[PDB]
Amino acid sequence: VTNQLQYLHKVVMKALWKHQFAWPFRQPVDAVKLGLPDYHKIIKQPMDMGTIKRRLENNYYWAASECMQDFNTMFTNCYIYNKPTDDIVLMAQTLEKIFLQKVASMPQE
Ligand SMILES: CC(=O)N1c2ccc(-c3ccc(CN4CCCCC4)cc3)cc2[C@H](Nc2ccccc2)C[C@@H]1C
């Protein structure tokens with residue numbers, strides 16, 4: 001536990017988890033369910049908010065930056081895999097803007 005990690009849990013994840021655009025990101029991408037047989041060929045490090053949330057709850061992270069990289073990986077995977085005009089890109093951008101806004105007011109170590 002750190003000051004920064006508590007902030008990431010109580011402020012950042014709390015905000016993103018309940019957001020109306022959060023639902024595609026709350027569990028790992030299921031390539032079979034979604035019919036995306038190339039997903040794991042293009043995206044080599046899958047990440048999602050359920051995984052990040054569980055990690056925060058279970059004190060997985062050693063530094064706040066590690067959690068921040070997981071958030072970043074989740075959004076970046078979405079931008080890399082999807083078509084520029086797909087709605088999910090707009091949903092990712094909306095959540096990430098909130099991520100960055102909140103991270104601007106995170107404690108220093
Ligand atoms: C996160 C991500 O990159 N993706 C992802 C990851 C997960 C899901 C996803 C997650 C859950 C469900 C099941 N939902 C149950 C509740 C009601 C809506 C369907 C369906 C798709 C979708 C998506 C995206 N598809 C999509 C389609 C229409 C609107 C928004 C997004 C493509 C893409 C592979």
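All of the numbers you see were taken from the coordinates with simple rules; none came from a lab. With ideal geometry, Cβ positions are generated from the backbone for all residues, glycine too; neighbour counts draw on all protein chains shown.
Over the chain, calculate the relative contact order: mean separation of alpha carbon pairs under 8 Å at least 6 apart, over the residue count, as a percent. Numbers along the way, then the final one.
On the way: 100 pairs, mean separation 43.3, N = 109.
Across the chain, relative contact order equals 40 percent.
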**Report entry** Neighbour cut-off at most 12 other Cβ (10 Å), DSSP loop, chymotrypsin sites (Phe, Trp or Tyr not before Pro), the range 24-98
**Finding:** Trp62
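Is the shape of the range 64-108 rounded, prolate or oblate, going by the alpha carbon gyration tensor and its root eigenvalues a ≥ b ≥ c, with a/c under 1.5 for rounded and a/b larger than b/c for prolate? Don't skip to the answer; put the middle values down first.
Numbers: a/c = 4.79, a/b = 1.87, b/c = 2.56.
Oblate.
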Report summary line: A correct fewest-to-most ranking of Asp70, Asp30 by other Cβ atoms within 10 Å would be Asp30, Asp70
Report summary line: At 37 °C and 0.692 mPa s, the Stokes-Einstein diffusion coefficient in µm²/s for the chain, with hydrodynamic radius from the Kirkwood sum on alpha carbon pairs, is 228 µm²/s
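Net charge near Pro24, counting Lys/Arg +1 and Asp/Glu -1 over other residues with Cβ under 12 Å of its Cβ?
-2
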